[PDB]
Amino acid sequence: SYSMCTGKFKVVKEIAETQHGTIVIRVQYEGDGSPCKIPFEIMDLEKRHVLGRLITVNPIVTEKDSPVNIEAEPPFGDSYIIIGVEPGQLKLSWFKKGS
Amino acid sequence: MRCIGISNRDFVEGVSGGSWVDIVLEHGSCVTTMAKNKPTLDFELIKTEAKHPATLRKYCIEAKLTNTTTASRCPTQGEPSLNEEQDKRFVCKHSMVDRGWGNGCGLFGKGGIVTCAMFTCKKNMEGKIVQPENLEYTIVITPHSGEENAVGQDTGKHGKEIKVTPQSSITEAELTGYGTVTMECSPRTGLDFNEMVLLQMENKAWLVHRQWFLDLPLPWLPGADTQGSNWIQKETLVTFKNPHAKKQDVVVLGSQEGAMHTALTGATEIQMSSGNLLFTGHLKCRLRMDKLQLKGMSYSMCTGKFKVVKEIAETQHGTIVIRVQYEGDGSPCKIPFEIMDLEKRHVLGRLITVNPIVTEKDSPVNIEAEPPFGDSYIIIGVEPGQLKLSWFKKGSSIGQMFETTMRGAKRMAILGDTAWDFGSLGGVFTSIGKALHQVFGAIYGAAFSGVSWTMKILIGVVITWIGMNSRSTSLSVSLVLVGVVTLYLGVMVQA
Amino acid sequence: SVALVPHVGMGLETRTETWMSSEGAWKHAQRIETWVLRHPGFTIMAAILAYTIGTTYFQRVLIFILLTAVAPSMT
Amino acid sequence: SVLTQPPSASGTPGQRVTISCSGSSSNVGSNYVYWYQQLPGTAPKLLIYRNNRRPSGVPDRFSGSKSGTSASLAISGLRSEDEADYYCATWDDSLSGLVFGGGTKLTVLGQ
Amino acid sequence: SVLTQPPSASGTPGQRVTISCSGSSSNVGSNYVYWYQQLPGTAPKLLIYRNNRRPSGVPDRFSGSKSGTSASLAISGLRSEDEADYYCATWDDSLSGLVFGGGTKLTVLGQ
Amino acid sequence: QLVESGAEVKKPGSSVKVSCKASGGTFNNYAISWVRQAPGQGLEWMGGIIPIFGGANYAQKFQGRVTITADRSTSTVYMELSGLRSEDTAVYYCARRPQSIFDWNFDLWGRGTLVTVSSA
Amino acid sequence: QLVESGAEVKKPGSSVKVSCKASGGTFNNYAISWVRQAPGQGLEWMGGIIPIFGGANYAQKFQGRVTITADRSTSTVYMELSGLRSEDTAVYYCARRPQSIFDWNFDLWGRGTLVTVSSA
Ligand SMILES: *[C@@H]1O[C@H](CO)[C@@H](O)[C@H](O)[C@H]1NC(C)=O
């Protein structure tokens, strides 16, 4: 029962790939309404399709400066991690090597 | 005048629904992008910096042997024992030397002998690795205007440099007067730095394949050593001699720097002395023209004399550049420019430097146009002092078609499947062609990795011959096509 | 030697010129030609052996070329 | 570079005092900030861990503050005990090491 | 084909003077014009380039004036220090090489 | 639960090894870092190590000058400093922290070994 | 950032080589040209060099009597004048420009070198 954060996230630890096919990213929140949902999607370049699923379902920010590390399973091709909303949205490219 | 005169220059024409176009930027090449109602821009990947390297391994190229010692055992009594043989800092080898009463032994026969010497490194080559997220591509975006480029090479107002890193998928460049340009580049797929090593030997560096670098037959350190005295395979850099089986000796093989230069034949040289930055590779980018407007469209037109200050120069790319100076009033205005036939009934060629304007009227303007094949006339200015400069373009449209086909074939041979992303709009045919290229290139690179261009040519000849002498007509065509492509790649490889 | 394993067929070459591209393009051909000139005796033997293991002038020529190329390369 | 910290700090007993530690985008605002109290002739003591979370040892009067690119330690009530050198330690991603501040010697008036 | 410049010019503090440099179309009026001041015993200094642009560090009192086939240079806020020999440099297409004016020794009544 | 080595007085140009003996739980569960505080100066981080894993990392200032190692048999951690000089004089501390790459909360400390680079 | 050779003295019918050091950055990014100032007279352009390309160009005044070359190993530019005489007595300058066909702003000027030609 939370509302999207509508703030600016910063990646404090670059995307690190695990040995299970997923990725984990560590994001801090500099915004208002601290306990809010994190707008996390994994889309294509044009943001026309949702390609991956974040296996950290319902990431939320308990505290402003407290960092939260989301885990997601991107697709095997090229994919983009979108964190946040229009003002200051983070678009993170990633490539998964398998098939 | 930089993208003009590089000789590796590509004209990507038009955008898609969405105002974006796909361009692959190479270091030695340039991309000039033209869209309707959009200013022409020059794109150039001018630097790739790898930050925070980690040493993967350290190799020994020049060693020296000191503290040589030897030990012997009389026959049948086992092996000699050297205290140095317990120190891995000493390279050692066991052999046999015939012994007897003369040699100071007891019984006669082949007595074991072990010789040891302290291996020391005089020169080493360090291989370093970088994570793809630590790469930074510098891309210069200069609006294709006639404006004087800059006061000097050091600081240029005309060019706009943007740094592209994996951390942000979108980079914006504020081109003053033209709006903003959106570069969405993929730094994770240009070069796979998880399979590549940054090898610096001695004030020279190369970008080498990681497995090749780990297969080198030289002494090495783990890269986490910090002691620099425990080398893994020191036998590759020393030679033990027992010529007549009466004495064992050890010598050091000599500096391996020239041998390493020979072994590095197919690698690309990079700079690692200061900053660890290299100038090879491409960068697939999606260029978004949504917010690019022309410049000086509110100016009316120039009503005054234009004089050519530099004669019309033909560029390496079938385009001419005219340097003109404005002499009239209303200093900031739009240069009336057109390429027409003799009778001026038709417009024959298009302008590359779209919407040319004179800002100060003292600074000349370099106008670039693409005239048609044959006779064209460059009309500049209004009729009171109108300039009409004839031009002849030595070529044909069929020749240009063949040259463009050859250029695209070369790009495919260099960029592989990434060639379909160059100047590409999100078409279905391009996507299916890229998928087919990915599959075929995967198979081909499995079948041809680690072979030289001569081997490629021999294999292509064999395959094409097999296809020619094939009972199946479909098999014949397929094999002939594969052999022809293999021959082309063998010819166009090792560059 | 390290020089016996050149960084040739790694699939990393860009449009940028490689380390010793132009010089080393024809070095193998030059070496094979000089070796065949200095050792004609093995060339006749290789031709005879290829012709014996034949059944096709394509097979004869392929075997002859392979033998002549490997002989100097083997050391 | 290193976390700049105020060399000189002054306060009086019964007064709330805080110390400011300003770092870079890679020093602070990208990593947790830890504050340490180091009395003369003794090893440093962890005051607040994570981002201004009090370990059980430090009393509730002790507390800290964290901002976008700076941190602060809050003292509920003051005494001569707060007269010591203060350090803000935070992992630096670019420096690749735990970089403390310059050290803040807090002086408590009352002499 | 040769830039022509007045041999000398004179002025008073706060009273700017203009130095003219006339050449053919190929010499000037078709190429940029550069103005240098040469104090005695010292290398010439670049005053303006591109016919009106002062390099960073050049006082704004200097103005770069260009005409159709002739150029002029003026020194606003004239001072005692501006006394020097002034040359106009401009590549001329004819003669295929950079050409200099005869120079102008500006005179200031400092004594 | 963390005990350090005794005081050591050295000479310039030498090398000094400092011993920090941790308990079993702290050896197999936490990391240990080496912080040296110069006379009348602020704390400085030299390096650390996960004793169970043993890969040591050092401050960029101490590359090639500090060696940190663990003795899993005696459950001890050692710091070795080479090229001892006048500025190397300081007190040295070993602190216990978690082995995560984000948390450096030193909830345990030793008592400091005074590496006095002088003559007494 | 440009160092020129020290004061020199010569004799009529002689050859003098004038050397200018570079900063390395201005060697492969700019161009260098030579200007001669006769005693109590105006500037004069002799020739220019782009060090990385090295194809020098010369004024008609000195075409055939001067040779400008750049040492890429030492990032040095050399001016040699042959068949000296009384007229050739002057101070010689080297400056760097943007190396563009149209750019001739000599922002950096060499301190100059005096070449004196006299019968004795
Ligand atoms: C090697 O020989 C030198 C000769 O003096 C000696 O100083 C050194 O200790 C020797 N090294 C070893 C490991 O024995």
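Below, all heavy atoms of this structure are taken into account, side chains as well, without hydrogens, waters or symmetry copies. Atoms within a ligand are numbered from 1 in the order they appear, just like the ligands themselves. Note on naming: letters A, B, ... go to the chains in the order of the sequence lines (proteins, then strands), and numbering restarts at 1 for each one.
Of all the heavy atoms of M118(B), the ones lying under 4.0 Å from any atom of ligand 1 belong exclusively to the side chain.
For atom 2 (O) of ligand 1, the protein comes within 4.0 Å by at least one heavy atom. For atom 14 (O) of ligand 1, a protein heavy-atom neighbour is found at a distance under 4.0 Å. Atom 11 (N) of ligand 1 lies below 4.0 Å from at least one non-hydrogen atom of the protein.
Counted by atom type alone, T16(C) and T268(B) present zero donor-acceptor pairs between their side chains at under 3.5 Å. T115(B) and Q248(B) share a donor-acceptor pair across their side chains, judged by distance under 3.5 Å alone. Between the side chains of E14(A) and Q131(B), no donor N or O sits under 3.5 Å from an acceptor N or O.
For ligand 1 and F90(B), the ligand atoms under 4.0 Å from any heavy atom of the residue are 13 (C).
Under 4.0 Å is where a charged nitrogen must lie from a carboxylate oxygen, and between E126(B) and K58(B) at least one such pair does.
If you check the gamma sulfurs of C121(B) and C60(B), they are not less than 2.5 Å from each other.
Of the N or O atoms in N67(B), one or more lie within a sub-3.5 Å distance of an N or O in ligand 1.
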